Every structure is written in C-alpha cells, then in structure tokens.
Number of protein chains: 2
Amino acid sequence: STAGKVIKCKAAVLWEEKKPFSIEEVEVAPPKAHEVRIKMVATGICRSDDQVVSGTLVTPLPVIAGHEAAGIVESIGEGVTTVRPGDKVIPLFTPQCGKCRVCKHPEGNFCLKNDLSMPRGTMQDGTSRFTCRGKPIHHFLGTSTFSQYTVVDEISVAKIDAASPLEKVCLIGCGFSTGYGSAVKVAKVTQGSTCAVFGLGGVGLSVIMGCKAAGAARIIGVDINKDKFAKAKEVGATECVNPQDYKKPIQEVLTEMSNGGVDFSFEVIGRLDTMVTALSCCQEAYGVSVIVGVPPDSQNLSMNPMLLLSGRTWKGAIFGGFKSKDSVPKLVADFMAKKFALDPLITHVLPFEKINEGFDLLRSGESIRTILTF
Amino acid sequence: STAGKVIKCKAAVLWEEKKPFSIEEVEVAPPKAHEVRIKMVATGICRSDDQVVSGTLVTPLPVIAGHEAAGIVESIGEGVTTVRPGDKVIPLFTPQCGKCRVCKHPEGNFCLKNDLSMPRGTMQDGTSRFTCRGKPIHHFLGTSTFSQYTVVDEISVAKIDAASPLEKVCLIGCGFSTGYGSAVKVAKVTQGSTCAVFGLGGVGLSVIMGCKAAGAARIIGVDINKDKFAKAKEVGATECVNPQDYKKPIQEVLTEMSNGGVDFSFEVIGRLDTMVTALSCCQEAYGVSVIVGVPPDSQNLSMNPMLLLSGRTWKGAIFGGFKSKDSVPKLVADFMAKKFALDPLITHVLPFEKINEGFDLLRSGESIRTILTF
Ligand SMILES: NC(=O)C1=CN([C@@H]2O[C@H](COP(=O)(O)OP(=O)(O)OC[C@H]3O[C@@H](n4cnc5c(N)ncnc54)[C@H](O)[C@@H]3O)[C@@H](O)[C@H]2O)C=CC1
Ligand SMILES: NC(=O)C1=CN([C@@H]2O[C@H](COP(=O)(O)OP(=O)(O)OC[C@H]3O[C@@H](n4cnc5c(N)ncnc54)[C@H](O)[C@@H]3O)[C@@H](O)[C@H]2O)C=CC1
Ligand SMILES: [Zn+2]
Ligand SMILES: [Zn+2]
Ligand SMILES: [Zn+2]
Ligand SMILES: [Zn+2]
C-alpha cells in the first residue's frame, strides 16, 4: 500500500557537473497512465553515466542518472498491460513504442520516442516524477536508475524471467547488449574474419564476446591501458596492442597485422580520433567500421571521404541495434540458458550508498563493471 | 599489318592542368606480355576526366585521359588468353586480377592492382606505351581512351558481345554501371523505398535508373541546375528539388518531404558539403547514404558522428561495386536483351577531333554524355 502514494527514498542526485553524486532523500510521485514505478535491485556504472558528470554527454541537470539496471515493479499506472506489480523488469534507455516508423522497420531500433537525440530529461509527458529539497529533478534517458525507486514510461520497460538474478542481468540493460549486438547484429561479423576492437571496457569486452560468438578467427583488442588486456584475452581477444608502444599510427600497425586491413573494426571509447583510426584500419574495399563510443557533445570529426569511396562501410548504433522491448527478455532467457556469460564484466560489487567509490574505480581504470545493490 | 609495330596515331594529350586537350600524333608501342592493344571506336566524356583537367582528381601529367570507352582488339601480347584480335572490348578502369584478397572477396571490387589509390599513370610494369614529341606520356587509370589506339593490361579489359553497338555500350565502361550498381548492388535499394539522388548528370541518372529498377516508390532528384529535371523524371525521378529554391538547408527539406528522412541517399556530384547533406537527409535510425562523387584531392569533410551513432550507414564505391571483368560482359548482354536503356544518357555525339567542344558542353551544363567517335 505505497500504491498511489508519493514514495520518499534515497537517490544519487547530480546537482552540478564534475561533482560527486549526493546520496539524499527524493520524492518519487506515483505512476500516471501507462507509467510503471520500479523498486531498483541492482544498477551498473556505465561510462556514459560518467560522461554526464564530465559534461561530455549533455543532458539537463540537476539529474538522477543511471540507465543499466534491474528491479521489481512496485505499482503500475492506469492502462499498463505489459508488466504487473512484483514482475522483474529491466528499464529500457532506448524505448520501443512499437508504433513509429522506426519500431515498424525490420532493422531500426532508435525509436522516435527516445530522449537521446534532443534530451529533455523528462517522462514522455514532458514532466518529472522526482523532487529533491522541494526542487524538480530531471530524469535521464527515461530511466534514472540511481534511485531506490524510479518511474518509467511503459515503452521504456521490459518484463524478464521471474527467476533472473538481477545483480547480473542488469548488464543486459546496457553494456552487454550494446557490445554483443554491435558485433552480431550491426556489423554482422562473419566466421573466419579479423576484427579490431578499440576500447576494452565493459562494452568493448561485450563486442569481443560477440565477435567470438560469430566465429571470428582473429580479434585484436586495442587499449592504451595494458591492464585491460588479460580480461580481453579471457573473453576471446587473440592479441592485444597498445598504441603507446608504437612509433607509427595504430591504423598503419593494424593494417600491417591484418595483411591489408581488418574485416570489422569497432570504436568502443568515445573519441573523434579513434573513430577515424578505426574506420581507416578496416580493409579499404570491403571493410566495415562500427561506432559504439559516445563522442564529446556537439564536436565534429574531420575525415577524408576517399576512405569511403574505395568501398568501406561506416555505421553506428545505440544499444547494439536491438529493438529494446522485444530483445531484452530474449537476452535474459538466453543468459538463463548459459548462451553467454556476464561474470567476466563484473569486477566489483558495492552497495548503492558507495556509488562515488564505484565512479572512482571506473575513473582510475581499475574496474570494468561495478554493480551497485540497493 | 600493325601487329608487333609501333603505331603512329591521333590522341588528345593533356600537357598540364586547366588547358584544352592537344589533338596530335602520338606513338603507341606494341603490347608486351599480358597486354592488349585496342583500336578505339567510341569514348564518353565523364566528369572524372574533367576533374583531371581541373586538378581536383590528381594523376601524373602529361597524360592521355579517358576511361569510358569501347573498341576492337588490334593485337595481343604473349600469354593473353581472354581476348583475341577482332574482339569488341571495354577497358576496365577498375581492374579484376582475380588473385588478390579483394578480387577473392564476395563483396570487394577495388582490386589491389588498381592505379586509382596511388596513381602512377603507367602500365602494370611501371612503364608507358605512349610518346609524343619525343616525351613519354602517362596512362590514366590503366585505360587512356582519348586515343585512336591504347594499350591496356589484360586485367584491365573485358571481351563483350560481337554484335554490341560500341557507340552506346561505352557507357557500361563507367557512367551507367557506376550509377546503376551504386543503387542495386552497393545501397541495395528496396521495393517501396524513398531515395534521394544528389546530382542528375550521367551517373546520377544511372542511379535513378537503378532505384526505379529496384522498385523504389519515390525517387527525389536534387540538382542546382533545373534544366536536368526533365530527363531525371523521364528515367524515373518522381519529384525534383533545387536547393537554391529554398530558405532552409536541403537536408531539412528532404527530411520533411520523406516524413522523417529517406531510406537511401546518393551523393553523385563530388562535393564535401553535399556528401554531409546526403548523409544527414537519410533516416537517422536505418538510413543508408552512398558516396559516388569524387571529392577534391586531399580535402577532408567535417561531420558530427552522432549522425552515425543513431543507426545510419555511410558507404562509398568505385564502379557501382561491380567486379569489373565479370560484370561488364553481363551488363552488355543485359543491354542487348533490353533490360535497361542507355540512349537517355546520350545527349551529343561528336567526332573525336571535337573533344574540347565535348568538354565545353559538359562544363556549360548543356550535356549529359557526349560520345566521341573515332
Ligand atoms: N552506443 C551505445 O549504445 C552505447 C555507448 N556507450 C559508450 O561506449 C564507450 C565505452 O563505454 P565503457 O566500455 O563503459 O567505457 P570504459 O571507460 O570502461 O572503456 C573504454 C576503454 O577505452 C580505453 N581508452 C581510452 N582512451 C583510449 C585511446 N585513446 N585509445 C585506445 N583506448 C582508449 C580506456 O582505457 C578504457 O578501457 C563510452 O563512450 C560509452 O559512453 C556505452 C554503452 C552504450
Ligand atoms: N565512384 C565512381 O566510380 C565514379 C565517380 N564519378 C564521379 O561522379 C560524379 C558525377 O559525375 P557525372 O554524372 O559524370 O557528372 P556531371 O557533372 O554530369 O553531373 C553532376 C551534377 O551535379 C550537379 N551539381 C553540381 N553542384 C551541385 C550542388 N551544389 N548541388 C546539387 N547539384 C549539384 C550539376 O548541376 C550536375 O548536373 C563526379 O564527381 C565524378 O567524378 C563518376 C563515375 C565513376
Ligand atoms: Zn517507436
Ligand atoms: Zn550505458
Ligand atoms: Zn585483384
Ligand atoms: Zn567515369
């Protein structure tokens, strides 16, 4: 009988860029029509949430960040049909309305109801469910998972297996699905191909998992932090290279290593220069390069379109190209059936109250995924 | 007999950039091992040849330009197995060695023996078969068709049907195949899709022919020269737009016209700005944009990689992605079988001696293809 009532609970509020989060009481309004209020159980720390703190991923502040999570439905608003109270759910930072031209397209996943392209930091109705110190607080990507309770639109939540371990499957809400799908769905990596993966964090490791699942013969991990190489090899990298070790640009190194360029490359960092390097290192006639990393806000890259004229394909994707609400429950079912592993991404576990310590671990280079438990 | 002897003949020599072609006597050496000497019958004037004159497509000078042609084999060197004297042939500006990693790849066509990436202006053996006034003259793309006779490597020639009309099928050597293949093979335009085509010259009109052949429902032609619109509609454009008629950037106009972005766009001009505009006007989640136009040498474009992160695909191709020696004879057979039309591309037919007048028709906006006859 919190149904229909304001919930007071602890959240991690970001009042200002480049500051620690503030763990303090917020008010969470009850769900309106076609909204769902969720008791959070676990949430991952994704680099994207750090990019909000840095101001390189722009969204209105003050904000409740967090987008990679799982929890249990506390209550549903009028007209909700796809979840019920007590269901295990993953919030969907890329919604799936099922009605727009993108949701109807066989390839498209970047649903037109998204709050990513022109971020408002609201619910679909352009309002906020969060108050803190009597002030309205923004949502983030329609999820806001750094809170003991959040409210999401129905098109931004999926029901998952009632027996799911939420402290693992939260990663299906961002890192795992994004990297894995970038390899298997967006690039469509082929058997016996040579792949290069720039960035060996939680998302790059999931790209290597996808490239190994698709049968790549060679998977070259690229990182300036050599501490990341051991885990990259554990999940399928065949060799790792640190650009800092070489006199020549790493695109020339990777072209040499692959006897004329790789089949597939992935940028999984968020830098303009590595997006161009990753395109250049794929074979000039038939290579494919996928951008996964989030670039610094409003900045343009410079490149020579002759890289494309010879035959390269350049593409990007959100959330591994997966239609979110269709895909997430299937990915959970596949995890439950041991079709892929999440433990290699989880390097640290902390209670929610130690969220700043978890951000310090990511910023130091020491962690892949820290899972926060409520 | 001419076999085994130097031929003295008329060619159009380009001694330096931004000068008219010089019609004069050249000496054409006999073919060496694995070379083919061709009597030219017809050659088209392609914008790429004008870009050599402008200095925006860099190749060593002085040069015999011309790459879109057909002729008859005069003689063969030792070891030639794929053509014989008397055969009708089309020179291949993109070769097909059949042995390199690209030629062996199911998608690749940019054969590693090409003279496009790092142009030397020679035969495969690094020498020239042309002299003029006692000076060696460079080849262009392994073809050099602005000459009564040329010598090509065997991997740069295809045998075609003995009954084909060379004054039309010369366009299968460049413009038609480039535009048609960019639509049907590189973009893989789908039935009922909406396409935008930037540039309505000979290659852009061939892109429209391919989009119509693939069953596109809407084909929007874009040109600053409204005199190009009537012929674009004859070969399948459903509507034409001139960016100069609008207050808003044309990417915004096309996104509005297509109710949120086109399925397929094509840049068929050669400008950095229209390459970015064409990418932007394709739907952000599932759009495909193909670069066909040749950009100005050594210039980089500037773009926001968020255009790709949402889901766009950006790709370019040489020669419509066709593997050149396999494809050109089949395209000629398909033309003989009335599967497509070439007459709509031909606006002017001039004697070879009128090459400069042909180029002035292209520069003035008055022609699509001028065919020069020997
Ligand atoms: N497209 C999408 O849907 C999603 C994109 N993102 C983005 O993916 C990127 C990766 O996220 P995570 O794996 O969580 O981050 P992470 O920070 O854990 O991993 C990035 C890795 O890149 C390495 N790196 C940094 N600079 C480098 C350089 N110059 N050259 C080579 N390696 C370098 C770092 O050492 C680190 O190991 C971030 O930009 C993030 O915002 C994350 C998930 C969703
Ligand atoms: N990728 C490949 O294998 C090939 C590429 N090319 C390139 O394709 C391009 C087109 O070649 P052609 O059709 O022979 O050229 P063309 O000059 O006949 O056609 C170009 C059209 O673009 C239009 N145009 C110029 N500026 C424009 C602007 N700012 N906005 C909109 N329209 C504009 C012109 O009015 C003209 O109708 C050239 O860059 C050529 O070098 C041609 C053939 C093979
Ligand atoms: Zn939708
Ligand atoms: Zn994320
Ligand atoms: Zn080859
Ligand atoms: Zn051409």
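Order of listing sets the numbers, starting from 1, for every ligand and every atom in it. Each chain gets a letter, A, B and so on, in the order the sequences are listed, and its residues count up from 1. Below, each value reflects all heavy atoms present in this structure, side chains not excepted, and no hydrogens, waters or symmetry copies.
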**Q** Measure across B/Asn300 and B/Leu272 and return the closest heavy-atom pair with its distance rounded to 0.1 Å.
**A**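 Smallest interatomic distance, heavy atoms only, reads O-CD1, 3.5 Å.
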
**Q** Using a distance-only test with no angle check, is there a side-chain donor-acceptor pair under 3.5 angstrom linking B/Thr150 and B/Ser144?
**A**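 Distance-only check fails for B/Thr150 and B/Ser144.
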
**Q** Does any non-hydrogen side-chain atom of B/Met209 lie less than 4.5 Å from one of B/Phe340?
**A**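 Heavy-atom side-chain distance check fails, nothing below 4.5 Å.
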
**Q** Indicate whether the side chain of A/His67 and that of A/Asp49 have a donor and an acceptor atom separated by less than 3.5 Å.
**A**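 Judged by distance alone, the side chains do pair up.
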
**Q** Hey, could you give me the CD1/CZ distance between B/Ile45 and B/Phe146, rounded to the nearest 0.5 Å?
**A**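 Spacing of CD1 (B/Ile45) from CZ (B/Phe146) equals 5.5 Å.
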
**Q** Using 2.8 Å as the cut-off, note every protein N, O or S atom close to the Zn ion (ligand 4).
**A**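 A/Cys46 SG, A/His67 NE2, A/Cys174 SG, with waters left out.
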
**Q** Show the protein residues that qualify under the rule heavy atom under 4.0 Å from an atom of ligand 2, listing them in chain and number order.
**A**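 Ligand 2 pocket, heavy atoms under 4.0 Å: A/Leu309, B/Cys46, B/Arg47, B/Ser48, B/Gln51, B/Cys174, B/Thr178, B/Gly199, B/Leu200, B/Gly201, B/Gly202, B/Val203, B/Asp223, B/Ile224, B/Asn225, B/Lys228, B/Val268, B/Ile269, B/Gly270, B/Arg271, B/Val292, B/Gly293, B/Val294, B/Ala317, B/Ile318, B/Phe319, B/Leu362, B/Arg369.
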
**Q** If we only count heavy atoms from C-beta on, is the A/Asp115 to A/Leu141 side-chain gap below 4.5 Å?
**A**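 A side-chain contact under 4.5 Å is absent here.
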
**Q** Among B/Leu200, B/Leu345, B/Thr347, find the one that has a side chain to side chain contact (heavy atoms under 4.5 Å, CB included) with B/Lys231.
**A**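 Of the listed residues B/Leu200, B/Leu345, B/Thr347, the side chain to side chain contact (heavy atoms under 4.5 Å, CB included) partner of B/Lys231 is B/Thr347.
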
**Q** Distance check, rounded to the nearest 0.5 Å: B/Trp314 atom CH2 versus B/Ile291 atom CD1?
**A**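 Nearest 0.5 Å value for the CH2-CD1 distance: 5.0 Å.
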
**Q** Taking only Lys NZ, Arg NE, NH1 and NH2, and the carboxylate oxygens of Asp or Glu, determine whether B/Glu68 and B/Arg369 approach each other closer than 4.0 Å.
**A**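 Here B/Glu68 pairs with B/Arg369 in a salt bridge, since their nearest N and O are under 4.0 Å apart.
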
